[PDB]
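Q: Take a look at the following structure, please.
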Amino acid sequence: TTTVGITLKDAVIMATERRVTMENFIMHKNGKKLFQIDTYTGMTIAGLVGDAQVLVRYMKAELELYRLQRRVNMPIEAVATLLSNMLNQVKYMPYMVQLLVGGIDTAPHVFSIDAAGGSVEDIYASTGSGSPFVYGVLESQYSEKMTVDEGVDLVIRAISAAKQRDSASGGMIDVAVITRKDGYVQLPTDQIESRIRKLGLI
Amino acid sequence: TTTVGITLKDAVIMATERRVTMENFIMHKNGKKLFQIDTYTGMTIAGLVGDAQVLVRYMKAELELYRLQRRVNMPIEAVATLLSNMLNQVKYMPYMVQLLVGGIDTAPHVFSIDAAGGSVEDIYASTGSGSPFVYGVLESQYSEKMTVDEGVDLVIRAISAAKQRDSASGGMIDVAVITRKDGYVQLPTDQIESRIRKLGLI
Amino acid sequence: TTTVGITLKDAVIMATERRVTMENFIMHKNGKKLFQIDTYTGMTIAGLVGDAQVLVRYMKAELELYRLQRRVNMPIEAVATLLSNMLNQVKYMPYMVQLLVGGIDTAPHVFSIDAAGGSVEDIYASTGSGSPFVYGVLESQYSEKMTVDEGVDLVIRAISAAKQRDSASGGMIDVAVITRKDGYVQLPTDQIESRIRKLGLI
Amino acid sequence: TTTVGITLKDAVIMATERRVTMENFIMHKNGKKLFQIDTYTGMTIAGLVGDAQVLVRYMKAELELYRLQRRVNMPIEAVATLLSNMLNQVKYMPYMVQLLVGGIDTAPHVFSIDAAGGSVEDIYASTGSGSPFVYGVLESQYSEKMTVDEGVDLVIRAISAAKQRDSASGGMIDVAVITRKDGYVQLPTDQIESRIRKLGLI
Amino acid sequence: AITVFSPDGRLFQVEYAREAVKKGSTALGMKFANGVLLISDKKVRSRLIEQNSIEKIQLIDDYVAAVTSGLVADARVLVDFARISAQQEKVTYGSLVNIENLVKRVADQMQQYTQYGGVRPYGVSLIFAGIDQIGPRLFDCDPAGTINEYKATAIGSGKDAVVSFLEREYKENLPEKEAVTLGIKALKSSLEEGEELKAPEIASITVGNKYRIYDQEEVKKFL
Amino acid sequence: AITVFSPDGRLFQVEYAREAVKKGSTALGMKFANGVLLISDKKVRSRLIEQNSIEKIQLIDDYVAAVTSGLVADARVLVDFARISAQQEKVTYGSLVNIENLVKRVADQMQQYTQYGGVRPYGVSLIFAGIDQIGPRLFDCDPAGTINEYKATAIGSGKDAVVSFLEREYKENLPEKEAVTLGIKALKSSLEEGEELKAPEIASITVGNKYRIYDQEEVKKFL
Amino acid sequence: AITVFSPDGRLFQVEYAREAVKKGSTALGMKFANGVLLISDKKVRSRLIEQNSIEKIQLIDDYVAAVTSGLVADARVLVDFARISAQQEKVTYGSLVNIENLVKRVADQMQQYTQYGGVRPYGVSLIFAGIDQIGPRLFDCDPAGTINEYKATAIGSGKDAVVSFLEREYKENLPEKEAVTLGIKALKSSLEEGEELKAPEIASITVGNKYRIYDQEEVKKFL
Amino acid sequence: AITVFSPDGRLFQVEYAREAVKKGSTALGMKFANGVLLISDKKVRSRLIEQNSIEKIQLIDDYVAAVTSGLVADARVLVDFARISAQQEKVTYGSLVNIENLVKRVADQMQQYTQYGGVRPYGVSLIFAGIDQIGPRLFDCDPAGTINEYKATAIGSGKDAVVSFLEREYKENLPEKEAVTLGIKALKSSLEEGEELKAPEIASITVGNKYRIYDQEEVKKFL
Amino acid sequence: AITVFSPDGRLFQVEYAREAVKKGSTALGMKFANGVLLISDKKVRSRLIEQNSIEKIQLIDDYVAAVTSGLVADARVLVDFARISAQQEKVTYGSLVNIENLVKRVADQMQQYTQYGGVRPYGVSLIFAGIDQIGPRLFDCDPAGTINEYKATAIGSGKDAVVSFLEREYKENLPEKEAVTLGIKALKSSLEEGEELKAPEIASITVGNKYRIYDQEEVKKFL
C-alpha cells in the first residue's frame, strides 16, 4: 500500500494506489483506499482492510451528524482529534491502521494518525509499505510554491517510484484535489493516464 | 475447497465443489457450499464448516426480514456491508471463514469478504485452497464479453483444474446462474455432467 | 470407540461397540454409546464421556418438549440443526465430541456433527478411533439396494474389523434398526451373537 | 489410595485403605475415604482430599433434602446422574477426584464417576493409584455367585495386594456391606483383623 | 401492593381470582384400578370452530397430564411452566420419581404471585394426574397455591355438583370401563337443567403404560 | 398495578382494551380447498392519502400473513414482534413446522402485559393465516392472549355481523374463486346501512405455493 | 408501603395476618421426660380426599420437626425455607448444635416481610420441636417474627382452650405415654361443643433417637 | 401507570397529548412532480428574537427533512432521535433505502411512552419528507405512534383548514413553482381572520438532488 | 408520575415551575457591536452578607457565561452540568465551535426531568452569552427546555418590564459603553416603584477577547 497527502498554498492533494493483498497473494488489483468523509475533507487508509473500512463508515456518520447539529463543518484539527481519542481508547485492543486526514477549513491541513492515537500535523506525509520511497521523492522535489498542477504531477511520480520497488503496491493511481472554490474533486482516470504518459512513466 | 464467482454483462455465475474434510480424512464427498440467501443473491463459504453454516442461517434471516420491512431486496453492496460489520465486531474472536457474495440489484456484483470484515468488490474472485489454480485459469481465459453459456464452461474448467491439483477439493461441481429475468437458477447436475463430457474433462 | 450409521431404502441402522477407556486402561468393558432420543430418532456418541452424556440428556429433553408443544416429532434435519447451534455457540469452550444422528421423518437420514457444530448429511458415516477401518469395509461392500437384514450383517462385519485393529474399541456390538412401521427397535444380543457365528466371526 | 466396590446377588460391598499423603510424606495413617451418604447408599473418594470432602458434604445434604421432599430415597442411578451434572458443569475448573457410588434401590448398583462427569455402571470397579493391582485380583477371582462372606474376603485380599505394591496406599482396611434387609453396615475392625489372620495375610 | 390482608385475615385478590375459576369449564379426574383418568367437558359453541385443537387435556410428559379451568391465557402459561419444570427434573436426575414435587413447583410459582406487589394472582385451577414411582397420583391446585391429593376431584363451574355425585357413588379399584362410565354420569348430573351432553375429552393411563387419549368413536360409545 | 381482579373475577383493563378493538376496521379470514384466504376492508377517507402503503395484510414470512384491528400503533409493534419470532425459529431449527407455536409466542407477550403492573395491555386483535407442516391454519388472538383456531373468523367493528353471515352460509373445501366471492358478501353484509363497498385487500395461499397478494384489477372483478 | 405504624404504634397488616392464623387448624407440642412431642388435629372433610399425604407434621431433618397453622400455601414456603436453612448449617459446620438459630433464620425472613413495602407478611404461625446439643427444645413463631420457648404450647383456632387446659394440668418429666394421653385430653377440650375427635397426627423424639411418626393403629389406641 | 384504558376503550393521556399538538404552529407538506416540499409558518413575535435560528424545517440527513408541532422541547428530543437512527442505518447497511423504516423507529419510541407507567407520552406530531429508493415519500406521525402516508398533509393549529383547502384544490405532478404557490394559498386560508401572512420556511428536494432550503428573497417572491 | 397532560394539553408541573422562576431576581443580556453583555441585579439585603461571592454571573469557560433565576439550588446544579458539558466537548474535539450545542445539552437534561415520573422539573431559567465560531450569541432556556436566541432578552421578576423597555429603545451595533448605559435604564425601569438601584453585576466579551468582569468602580460610574 502507498498513500500520500501534501499541502499547497490553498489546496490539499491526496493520492493512493489500488492493490489489496489478501490470502497472501494479489487477490484484488482494484481496491479503494481514498475516501471523501466531508465536504472539504478526505481520508486515506493503510493496514488491516476490515479495521480501516469500519473506521471510514464511523467517520462519515460522525462528521455528517456534527455538520447537521452545529451548522458548520468539523474543523480538520477536530477531525484528527476525534480520531485520536477513538483509537487511543482501545489502544490495547487496537485498530491496526495508519491514517491520513486532509482538508480545508480556513487553511489547508494534513494530519497523520497512528494506531495508538498519536496525531501530528505536517506539510506532507505518506503511509503504507511504499512510503519510504515516497519520502525520498518528496524530500528532493517537493516545494511549497508549487501550483496545483505541479503538485498532482509530483504525487503521481512519487507513487510510481513506490510501485517500482514495493511489491505490496500496484494498480492505477487515484488522486483527489481539495480546494475551497471547487470542493472535493476526484480526478478522472483519463487525466491521470494522460499525465502518466506526459511524465514519461509509460 | 474451491469456490468461484464471476460477473458477466447482466448475470452472475457462482460455483463450488463438494468435498468436506473432517477428522483429517475425506468423510463427506457430497457437501454443500453454495447457498441462495435472497431472491437474486447467492453465497459461497470456505473455512470452518460450523462457523460458515451459522453465518448462512443468520444471513437468510436478516435478508428475509429486511425485504419484509422495506418492501425491496437488500442491495448487494449492503449485503456485503452488513457481513463486514458482523465479522469485524468479533475480529479478535472471529468466524474463521472466507466468503463470496454475488447477485443482481441493478447491475451484477461479486464481493469478497475475509474473516476480519474486509470487503472488496471485484469482477471475479475465488476462495479456498484450490483458488490459486482457479486464478491462473481465469487470468488467461476470462473475458467480460463472454455469454452466459461460455461463462458456465469457464468456471467448470477452472474448478476441474483445481480438483486435479488441490487434494482438499473434489466431488461434483455445483453451478448457479443469477439473472434478473430468470432469478436464482441452480443448474441441474445432468447439464453439468453433459458439459463436462463436451469439454473433454471426462 | 467405533460407531456407525447407514441408510437403506426405508430404514436407518446404527451400531456401536462398548469399550470405555478411563484412567488410561480398560476400566469398563460394557459401556453405552447408542441412545434413542425420539420416537424415530437415534444418536451415537464419541469423545469425552462426560460431555457426551450431558448432551444426550439435553437432546432427550428438548425433543420431548418439542413434540409436546408442536404435536409432531422434530424432523431429523432440525435435530441436527439444533445440535449444530448449541455446539457452535460454545466453539471456543467446546464439547469435545463427535456425534451421529439418524432417524426417519418422511425418508431415512443420517447426519454427522463435529465439535464446532459442522453438520453434514450422508448416506453412511462412522466416528471414533475405529472409524477409518469401518470406512474401508463400507467403501468396498456397502450397497444402497441392500435389505435390512443385509445391512445389519454389514455393520456387524465393519465393527468387527475395527475391533481387530483399534485397541480403543472392544466389547459386544449393539445394533438398532429404525423404520416407520416398527419404530426404534434395539436388536436383542441373542440375534447379534447368532449373526456373529453365522458370519464366521467367532 | 485404593478403593473398591463390587456387586453381588442382593448386596453391595465397598472398601478402602486409610493412608493420606500430605506435604509429600505419610502425614496421616488413619484417614477416612468411605462414607455413607444415604440409608442404602455409600461413596468412596480418591484424589484431592479437600475437593473430595466438600463433595461428600454436598451429597449428604442433597440426598437428605431429596428424601424429605419426595418421601423416598433417591435411586442410585439418579445419585450418579446428579454427581455427573455437578462435575461436568465445572469441567474446566474441576474437582480433581475419582468417585465410586454404590447402593441398593431395587437391585444392587455400583457407579464409577470421573472428574469430567463421565458416569458408567459396572459390576465392580476400583479407583486410586492401587486400582490396577485390584483389577488383577478381581479379574482372576471375582464371581457373581459369591456369597456376601466370600465377597468380603475377596475385597480384603484385593486391597492387601495393592498395599504391597502401591506406596501411596496403606493402613487398616475399612469395609461396608449394604443390603436391603440390614441397611448400611460398617464392619467392625475386629472382624476385619480376624479375617486378615484367617486369610494368611498376617 | 394489591394482595394485602383484610381486617379478618383474608386476601381479597386471591378470593376474587377464585371467582374467575368458578366461570371455567368443568373437568374431573378419578383413580381406578392400577390407574387414573381425566375427563373434561367440551361444550360446542359454533360450527366455525376447529374442534380438533381444543385439547383440554394437556400432556406434561408421557406419564403426566393436566386439565385447567378459569382464565385460559393464564392456564396456558402455567402448563408451559409445568412442562419446562418436568424436563428440568429429568435432565438433573434422569427420571421423575414423584409427581407431587412437580405440582409443588407449579404451586410455588402461583403462591409467589400472591405475596409480591406489582403482579396479580393467576386465575386458574389445575388437576394433575399420572403415574410415578409411588403409583397413580391425582392432585389439584388452586389460585392461592393450595395443593391436595384425592381419589377423585373436579374443577370448574359444575365442580360442586360433580363432587356431590362422586361423594355418594364413587368406588375404589373400579375397572377402567366402569370408572369411565361413572365419570360421564357425574358430568351429566351437573349439566344445565335439561341440556344435552356433547362428546367430552377422555384420557387415561395404567401402571406400566403411557398416557392414552380416547378416540372420538370410543367416547361416542359412552353417551 | 392497574390490571387487577374485580370482585366478580374480571380484569377491567382487559375488558376496556376489548372495547378499543371494537372500534377497529373489519377483517376476515376463511379456509378453502387446500388453502386459506384473508380479507380486510379498506375504507377510503381522503384523496390526499397514498392508498398504496396501507397494507392491511402484512406478511410474517412467505407462508404466514396477519391482519390486525384496534390501536394501529400497538398492532405495528406486535407484527414486528411476530416477524422477529418467526426468523428466530427458522435460525434455530431451519424451518417453521407449526404456525400455532408462533401465535402462542405473540399471545404470551400479550398475556404478560395483563399481569404485571407498570404497563397496560395491547389494544389489538390479530388473525394469523398460513401453511405449515399440518396444512392450512387460521387463528385469532385477543388482547388477553386468548387463542382459537377456526375454519372462518372475523375481527373488527363488523365482526358480529360477518360471523353471523358466515354462521349460515360458509361451506368447506370451497374453490378459491367461490370462497373469495363468499367473503365479499359477508363483508358487504356488515356495511353501514346503504354504504357502498370499496375495493378491499385480498390475500391467499395454496399448499405448495407462497402467499399471493391480489392485484387491484383482480379485486375489481368481485364487486 | 402497606405495613406502617398506626397512631397508637401498631402494625395493622401484622395484626390482620394474626387473624388469618386464628382460622387455621389446632396443633400442640409439649416436652416430656428426655424428649418432646407434637400433635396436630386432622379433621376429616370428605371421603374423596387422600388422607395419607396430609402430613401436618413436617420433618425439617431427622431431629427437627414443625407444625404450622394459617395460610397453608405460605406455610409450605416457610417449611421449604427451613429445610434449606438447616442443610446450609450442616454443610458449613458439619452439624446443627442449636435449633434456636434455625428458628431465628426463619423468623428473620418473616420479620423482613413486615418492614419493606411491596410485599405482605406471611400469614402463618409455626411450632418447632427437636433435639439438639442442649437437649429437647420447643419454640413457636408468629407472623411478626416473635419467637418464644415453651415447656408446652399450642397454635391454631383452639389455641386458647388448649393452652388453658395445659395451664392447669401439664406436668414435667411425664413419661411418653402419659404425656401423649394428656395431649389428647387438651385437644378434646377445644373440640367444637359435642364434636367427636378423629385420629390426629402424633410425632415424638427422644434423646439419642431420631423422630418417630406414630402409626394409625398406635394413635387409634388413644381415643 | 398513567396511560390506562378508559371504560370505552380510550387512552385519555394520549388524547390530551393530541390537544397539546393542536396548539402548535401550522406546517404542511405535499408531493410534486419528481419531488416533495415542506412549508412551515414562521409567525413573527418580537423584533428582539434572532429570526435566523428558528429552523422549523430540520434536516435528518441530506435527503430527509422533518417539521414538528406541539411541545417544542419534546420535538427537539425526537428529531435528535431520528438523526441518530438514520446514522445507525447508514453505518450498518451503507445506505438508507426506505424512509418508512426510519419513521417506524421514531413512532415505535413514541408508542413505548404510551404503554409503560412512569413516563408520559410525547406531545408532538411530525411530518417526514424525502427521497429514497422508492422515490418521493411523505409521512406524518402522531403522539400515539400512528403513521400514515400522504400525497399532501398538514399539522398544527390550522391543520383542519389547510387540509380542507388541499382536499379541494390539490393536484398531482404539479411543477415545483406551482406546487409552492398552491401551498402558500392553503397556508393563507387558515390565517386568523384578516391576519397578514409573514415569510414562512420552504424546503424542497428533487429526485437525484439533495435538499434545498429556500432563501428569504425566493420566499419573498411568493406573497 | 407527576408531570402528566391536563385535559387541555398542558403540563401543570411545568407551569408551576415557571411560577417559581417568576420569583427570582431580574437579569438581562443584549448584543452590541462585536460582542454581548450580561447584567444581573444585585439587591442588597443585609450588611452581614459577604457581598463578594454572590457571583450572579457565572463563567462556563473563558468565552461563555450564564445568569440564572429561580430556585438557586437547582440553578447551581445546572451551571455545574454546563461546565462539565463544555469541558467534555473540548476534550473530544479540541474546541467549542457552537454555543447552541452546549445550551441544547443543558435543555435536554431539563426536558428529561419533565417526562419521567419520580422526579420534578428544574425551577430555573438561564441566559447563556458568549463568542463562538459564528460570533456573538445570546440564548435563554426555560424550565420546560425551550430554547430561543435573541438580540436582547431578560429573565426574573422584572422580565416583563425590562423586555417592554427593550422592545422600544434597543438598537443594534451599539458601542459597549452606550449598550451598558441602555441596560441600566431598562433595569431601573422595572425597579419596585421609587426604589433605588444598587450596584449590579456587569460582564462583557468582545470578538477576539476573553470575558471581562466589570469592577465595582466601573459599575459605580453608571448610576
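In the C-alpha cells, each chain is lettered A, B, ... as it comes, each chain's residues begin at 1, and ligands are numbered from 1 in order of appearance.
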With a distance cut-off of 10 Å and only C-alpha atoms, select the neighbouring residues of range 78-94 of chain F, excluding the residue or stretch itself and same-chain residues fewer than 3 positions from it, and output the selection as JSON, numbers by chain.

A: {"B": [54, 56, 57, 58, 59, 60, 61, 62, 64, 65, 68, 69], "C": [74, 75, 77, 78, 79, 80, 81, 82, 83, 84, 85, 86], "F": [58, 59, 60, 61, 64, 65, 66, 67, 68, 72, 73, 74, 75, 97, 99, 101, 102, 103, 105, 106, 107, 109, 110, 122, 124, 125, 126]}

Q: I need the residues of range 150-222 of chain H that end up classed as strand (DSSP E) by DSSP on the backbone, written out as a ChimeraX atom specification.

A: /H:152-155,201-206,212-213

Q: Quick one: of B:111, B:168, B:126, B:137, who's nearest to residue 22 in chain B, counting only C-alpha atoms?

A: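 Comparing B:111, B:168, B:126, B:137 against residue 22 in chain B, the winner is B:168.
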
Q: Could you give me, as a PDB file with N, CA, C and O atoms, in the first residue's frame, the residues within 9 Å of residue 23 in chain I, counting only C-alpha atoms and dropping anything in the same chain fewer than 5 positions from it?

A:
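As written to disk, around_29.pdb reads:
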ATOM      1  N   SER I  69     -32.107  32.422  37.203  1.00  0.00           N
ATOM      2  CA  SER I  69     -33.148  32.958  38.068  1.00  0.00           C
ATOM      3  C   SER I  69     -34.049  31.819  38.524  1.00  0.00           C
ATOM      4  O   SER I  69     -34.252  30.844  37.796  1.00  0.00           O
ATOM      5  N   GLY I  70     -34.592  31.953  39.731  1.00  0.00           N
ATOM      6  CA  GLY I  70     -35.462  30.932  40.284  1.00  0.00           C
ATOM      7  C   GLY I  70     -34.868  30.211  41.478  1.00  0.00           C
ATOM      8  O   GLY I  70     -34.184  30.826  42.300  1.00  0.00           O
ATOM      9  N   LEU I  71     -35.129  28.905  41.591  1.00  0.00           N
ATOM     10  CA  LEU I  71     -34.563  28.108  42.674  1.00  0.00           C
ATOM     11  C   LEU I  71     -33.042  28.100  42.574  1.00  0.00           C
ATOM     12  O   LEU I  71     -32.479  27.500  41.650  1.00  0.00           O
ATOM     13  N   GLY I 156     -36.372  36.722  35.132  1.00  0.00           N
ATOM     14  CA  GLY I 156     -36.635  37.096  36.505  1.00  0.00           C
ATOM     15  C   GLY I 156     -37.961  37.803  36.697  1.00  0.00           C
ATOM     16  O   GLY I 156     -38.837  37.816  35.829  1.00  0.00           O
ATOM     17  N   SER I 157     -38.108  38.397  37.885  1.00  0.00           N
ATOM     18  CA  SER I 157     -39.369  39.033  38.257  1.00  0.00           C
ATOM     19  C   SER I 157     -39.675  40.226  37.361  1.00  0.00           C
ATOM     20  O   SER I 157     -40.806  40.394  36.893  1.00  0.00           O
TER      21      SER I 157
END

Q: Using only C-alpha atoms, I'd like every residue of chain E that has an atom within 10 Å of chain F; please write them out as a PyMOL selection string.

A: chain E and resi 1-3+12-23+46-54+70-74+76-77+113+117-123

Q: Find the residue from F:162, F:191, F:221, F:62 that sits nearest to chain B; use only C-alpha atoms when measuring.

A: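 Among F:162, F:191, F:221, F:62, it is F:62 that comes nearest to chain B.
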
Q: Neighbours of residue 175 in chain H within 9 Å (only C-alpha atoms; same-chain residues fewer than 5 positions away dropped), as a PyMOL selection string?

A: chain H and resi 32-34+180

Q: Hey, can you spit out that residue selection with N, CA, C and O atoms as a PDB file, in the first residue's frame?

A:
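Wrote result-v6.pdb, looks like this:
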ATOM      1  N   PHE H  32     -44.886  16.824  -5.327  1.00  0.00           N
ATOM      2  CA  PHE H  32     -44.992  17.411  -6.651  1.00  0.00           C
ATOM      3  C   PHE H  32     -44.216  16.534  -7.622  1.00  0.00           C
ATOM      4  O   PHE H  32     -43.672  15.494  -7.248  1.00  0.00           O
ATOM      5  N   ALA H  33     -44.176  16.960  -8.882  1.00  0.00           N
ATOM      6  CA  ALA H  33     -43.521  16.189  -9.930  1.00  0.00           C
ATOM      7  C   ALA H  33     -42.078  15.870  -9.560  1.00  0.00           C
ATOM      8  O   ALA H  33     -41.237  16.768  -9.453  1.00  0.00           O
ATOM      9  N   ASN H  34     -41.804  14.581  -9.355  1.00  0.00           N
ATOM     10  CA  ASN H  34     -40.468  14.081  -9.025  1.00  0.00           C
ATOM     11  C   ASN H  34     -39.893  14.728  -7.767  1.00  0.00           C
ATOM     12  O   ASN H  34     -38.689  14.977  -7.687  1.00  0.00           O
ATOM     13  N   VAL H 180     -45.540  25.110  -4.923  1.00  0.00           N
ATOM     14  CA  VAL H 180     -45.214  26.048  -3.851  1.00  0.00           C
ATOM     15  C   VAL H 180     -46.268  27.142  -3.769  1.00  0.00           C
ATOM     16  O   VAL H 180     -46.681  27.551  -2.677  1.00  0.00           O
TER      17      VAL H 180
END

Q: For residue 138 in chain A, work out the shell of residues within 12 Å, counting only C-alpha atoms and skipping chain neighbours fewer than 2 positions away, then give it as a ChimeraX atom specification.

A: /A:4-7,123-126,131-136,140-144,151,153-159,161-162

Q: How far is it from CA of residue 92 in chain A to CA of residue 38 in chain A, in Å with one decimal?

A: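 Atom-to-atom, CA of residue 92 in chain A and CA of residue 38 in chain A are spaced 29.2 Å apart.
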